[PDB]
Amino acid sequence: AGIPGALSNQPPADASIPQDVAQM
Amino acid sequence: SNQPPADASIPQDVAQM
Amino acid sequence: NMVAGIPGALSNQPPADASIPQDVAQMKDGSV
Amino acid sequence: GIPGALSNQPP
Amino acid sequence: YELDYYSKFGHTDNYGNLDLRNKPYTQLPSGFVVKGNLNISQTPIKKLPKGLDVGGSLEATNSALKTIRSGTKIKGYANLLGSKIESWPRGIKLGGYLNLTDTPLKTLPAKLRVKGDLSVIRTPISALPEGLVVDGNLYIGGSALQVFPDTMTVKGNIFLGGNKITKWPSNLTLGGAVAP
Amino acid sequence: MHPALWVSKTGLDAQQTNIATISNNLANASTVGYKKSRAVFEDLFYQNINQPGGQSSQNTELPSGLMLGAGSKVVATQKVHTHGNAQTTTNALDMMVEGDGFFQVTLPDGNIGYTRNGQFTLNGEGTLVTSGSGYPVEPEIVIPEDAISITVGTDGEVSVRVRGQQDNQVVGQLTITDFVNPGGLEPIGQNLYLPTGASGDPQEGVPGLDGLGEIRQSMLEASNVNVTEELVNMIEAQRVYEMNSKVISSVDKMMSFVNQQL
Amino acid sequence: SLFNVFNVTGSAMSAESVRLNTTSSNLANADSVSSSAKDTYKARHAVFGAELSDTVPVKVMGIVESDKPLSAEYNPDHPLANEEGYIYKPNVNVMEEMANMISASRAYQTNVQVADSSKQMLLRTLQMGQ
Amino acid sequence: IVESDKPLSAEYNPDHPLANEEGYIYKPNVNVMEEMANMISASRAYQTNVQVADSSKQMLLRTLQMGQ
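Protein chains in written order, with this note's numbering: chain A, 26 to 49; chain B, -12 to 4; chain C, 487 to 518; chain D, 247 to 257; chain E, 1159 to 1338; chain F, 518 to 779; chain G, 16 to 145; chain H, 2 to 69.
Shown next, in the form of C-alpha cells:
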C-alpha cells in the first residue's frame, strides 16, 4: 500500500466504505 | 471510461445533497 | 445534446454564490 | 436562445 | 500516560471531533462522551473504555486498538483498518458500516447486524456467524472464509474477491449480485 | 526543495513560536502570580554530505569533512519562577506566599491543582475557595457564620472572631506544597499547575517551617514578566524573521536563474 | 525510450499541480472557523511517492492531513464556542505554504525543460533516414 | 542502474505524519544542478551520435557507386 491516513473525496455517507482511497 | 464522469458537488451543508 | 454556460470566474464558484443566472446553470446539464 | 440574453440593437 | 480533561480540549475541533493521531495516549477515562467523530489512528491505545460514547464515527486506522468493550455507542461508522482487533464484542450499537480489513479478527458475534457495509478482507476469520444480516456490500476478498452459514442476509452486492465458496446458505435473499 | 529553503524555514518557524511565547507573556502582565516563559533555541542535526557515511574526524577542515546543519528549533518554553513583587490590598481573603511554595486546590476531576495566585474567597457553605472557577482550597477551611473577622497567620493558622467570646477560635490550618523542580510543572490555565514526572512528588508541610514560604494576608503576587525584556526580545525576533525570509527569496531567485538561462 | 520521459515528466507536472491546489485550499482556509462536513478543516498535504513498477514515475498516493493541534482561541460569545469558550481554527502554517508554493512552481518548470529536451532528441532521431 | 551514495537530505518537520521520533523526514539525495548538467550532456551526446550514424549511411551509399 503506502500512506496510512489518506483522505476520501466522496461525500460522507457513513454507510458505504469509501473505495476512492486505497483501503487496503 | 465508457460513461461521462459526474460533476463536482460544492454544498454549503453536506446534509442537504 | 448541447452543453453550455458562462466560463471563467463566475462558473468556478460554489453554487451558494449565486453569480450564475438560474436558467444558464440549467444549460450546464444537457439540452436539445 | 440562451434564455434572457442581451441583444445588440438599440432598446 | 492517560488523557485528561485539559488534554482532551486541545484535540477537539469546533463541532466536537476528538483528534488523537500519533498522540501518546494509552487509555481513555470510563464513560467517555465525544460530541462528534473520534480518531484514534496510530495510537498506542490497546483498549477502549467501558461506557464509551461517540457522537460521530470511530477512526482507528493503523492503530494498536485491540479490545472494545460492550455497551459502546457509535452514531456514525466504525473504521478499524489495520488495527489489532481479534474479536468483535456483542451488543455494540453501530449506526454505520464496520470496516475490519487487515485485522487479526477471528470471531464475530452471532446474528450480527451491520447497518452499512462489512469488510473482512484479508482477515484470518474462518467462518461467519449464523443469521448474519448486512444492509450494504460485503467484501470477503483475500480472507480465509470458504463456507457460509445456513442462513445469511445481504442487501447489497457480495464480493468473493478470490476466495472459493463451496457451501452456500440454504436461505439467502440477495438484493444485488455476486462477484468473484 | 533545495535544502537551503528548508533550513531557512526552520528559523522562520522557530522565531514564529518565539513571538507567540512573547505575546502570551505580555498578555499576562497583570495576572496575579504569573511566571514568565522564555523560548530556548538550539541547533539541529549536523550532517556529513561529502562522505558516504559518518567517518569519524578524518579531515573535518577539508571539503571531504564538510558538515551542514539542518537549522534550528525551539526546544522548550522554560518557566522562570522568579519571585514577583507584592500587591498590598485591603481584601481579607487574598493571600500571598513569600518564597517557595504553592497553594493546593481541589480540581473537579479528583486530583489536586497547585496555584501561586492567592485571590481566594468563600462559597455558600463557607469553604475557602478560589475567586475564579470556585475550586475548594486544600485543606478545607470552613468559616462559621458567627465570625465577624478572619485572620490568616504566618503559617496558615486561620482564626475567627466571635462576638461574646474573647480569644479567637482556630478553624483550621493551611498548607503549601513545594516541588524540587518548579519548572517541571505543567500549566493548565486558570493560574494552575499540575505535577509531572519532571517536577517530582509533592512535598507538603506547614507554611513557615521546613524551608517553606510564609503566608501573608491581604497581599497578592504580581506577575514577574519584564515588559522591557519582551520588547527587546520582539526586536531581535522580528529582525531574525526578516533575515531568513531574504535567504528564501535568494534561493528562489537563484533557482529561477537556472531553468531560465539553461 | 525518450517517449517514456514524457510519461515520467508529465506525471510530475500533474503531481506538482495537485500540491499547488492543496496549498491553495490551505491558504483559503487558514481563517475558516466553520466548515460543511462537520469537520474543522485541518492543513492538508500531498504526499508524493515513486511508483517503481530506469523510468520511475511519481504518483500522488492520497492527500494527508496535518498532525499539528488546532489553534484554540478564546471567543466565549461566539455561537460555536464550547463550554470553556474556545473556538478552534485550522492549523495552517502560512510559511510552509509559501515555501510549498515556491517549491511546487520551481519543480513544475524544471519538468518542462526535460520534456522539451527529450522532444529535440526525438526530432533529430527522425531526421535520420531522411 | 546504480543508486547514488550521497546521504539523504534530512529536514526537520514534526508535522508530516510520516516523520520520525525527532520530527525528521528524509528526502531523496537528488541535486538539481547535477541533473541539469546530465540533461545537457545526455541530449548533446545523443544527437552527436545521430550525425555519425547518418553520415555513416552516406559512406555506405557512396560505396555502392564505386565503378559507376
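Just so you know, even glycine gets a beta-carbon here, dropped at the ideal spot from N, CA and C.
query: Whole-Å CB distance - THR38 of chain G paired with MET116 of chain G, under 8 Å assumed; result: 6 Å
query: Minimum Cβ-Cβ distance from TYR1173 of chain E to chain F less than 7 Å; result: no
query: Cβ-Cβ distance between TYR103 of chain G and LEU85 of chain G below 7 Å; result: yes
query: Classification of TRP523 of chain F by the beta-carbon crowding that lies within 10 angstroms, buried from 16 upward; result: buried
query: Beta-ladder partner(s) of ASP1211 of chain E, from DSSP; result: E:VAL1191 and E:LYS1231
query: CB-CB length for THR623 of chain F against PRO661 of chain F, believed under 8 Å; result: Contact doesn't hold; Cβ gap of about 21 Å is too wide.
query: Nearest neighbour of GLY1213 of chain E, chosen from E:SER1241, E:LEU1252 and E:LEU1223 [CA to CA]; result: E:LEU1252
query: Contact set for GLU66 of chain G: own chain, Cβ-Cβ below 8 Å, skip 5 residues either direction; result: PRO72, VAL73 and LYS74
query: DSSP three-state assignment for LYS57 of chain G, whether helix, strand or coil; result: coil
query: Residue 1126 of chain E to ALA43 of chain G span [Cα, whole Å]; result: Residue numbering for chain E in the displayed model covers 1159 to 1338; residue 1126 of chain E lies beyond these limits and cannot be assessed.
query: Beta-carbon neighbours of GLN35 of chain A, restricted to chain E and to distances below 8 Å; result: Ordered by position in chain E, no residue passes the 8 Å Cβ test against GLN35 of chain A, which lies about 13 Å from the chain.
query: Beta-carbon gap between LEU729 of chain F and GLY722 of chain F smaller than 7 Å; result: yes
query: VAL51 of chain H at chain I interface by Cβ criterion, 7 Å; result: Chain labels in this structure do not include chain I; the protein chains are A, B, C, D, E, F, G and H.
query: Under the three-state DSSP convention, the category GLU746 of chain F falls into; result: helix
query: Host beta strand (DSSP E) of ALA11 of chain H (start-end); result: 10 to 13
query: Chain-ordered chain A contacts of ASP1211 of chain E [CB-CB under 9 Å]; result: Here the premise fails: no neighbours, minimum Cβ distance about 16 Å.
query: For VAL1305 of chain E, the residue or residues it bridges with in DSSP; result: E:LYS1325
query: is_contact[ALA27 of chain G, chain F] using C-beta, thresh 7 Å; result: no
query: Pairwise C-alpha distance: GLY1240 of chain E and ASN743 of chain F; result: 52 Å
query: Contacting positions in the region 114 to 139 of chain G - beta carbon closer than 7 Å to chain F; result: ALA114, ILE117, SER118, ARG121, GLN124, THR125 and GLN128
query: Contacting residues, own chain, Cβ-Cβ under 6 Å from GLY1189 of chain E (five flanking each side not counted); result: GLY1209
query: Beta strand (DSSP E) segment containing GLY689 of chain F, residue limits; result: 686 to 690
query: Min CB distance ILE705 of chain F to chain E below 7 Å; result: yes
query: Rounded distance between the beta-carbons of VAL614 of chain F and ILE693 of chain F, thought under 8 Å; result: 6 Å
query: Where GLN255 of chain D falls, given that 16 or more other Cβ within 10 Å makes a residue buried; result: exposed
query: Selection from F:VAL549, F:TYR551 and F:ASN685 that minimises the alpha carbon distance to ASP663 of chain F; result: F:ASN685
query: Assigned exposure category for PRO724 of chain F - 16 Cβ within 10 Å defines buried; result: buried
query: Residue-level contact to chain G via CB, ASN1237 of chain E, 7 Å cutoff; result: no
query: Residues that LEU65 of chain H contacts on chain G, provided the C-beta gap is smaller than 9 Å; result: Those do not exist, as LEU65 of chain H stays about 17 Å from chain G at its closest Cβ, beyond 9 Å.
query: Own chain, CB closer than 6 Å to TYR1173 of chain E, minus 5 neighbours either side, in chain order; result: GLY1194
query: Of the residues F:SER525, F:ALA603, F:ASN698 and F:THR599, the one placed nearest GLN734 of chain F, counting alpha carbons only; result: F:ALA603
query: Other residues of its chain near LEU1303 of chain E: CB distance less than 8 Å, five sequence neighbours each side excluded; result: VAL1278, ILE1283, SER1284, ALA1285, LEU1286, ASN1321 and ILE1323
query: C-beta contact flag for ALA1222 of chain E and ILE1198 of chain E at 7 Å; result: no
query: CB-CB length for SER762 of chain F against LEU529 of chain F, believed under 8 Å; result: 7 Å
query: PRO699 of chain F - partner residues in DSSP beta bridges; result: Per DSSP, none; premise fails for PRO699 of chain F.
query: Chain A contacts made by the region 68 to 93 of chain G, where a contact means CB separation under 8 Å; result: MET76, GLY77, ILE78, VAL79 and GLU80
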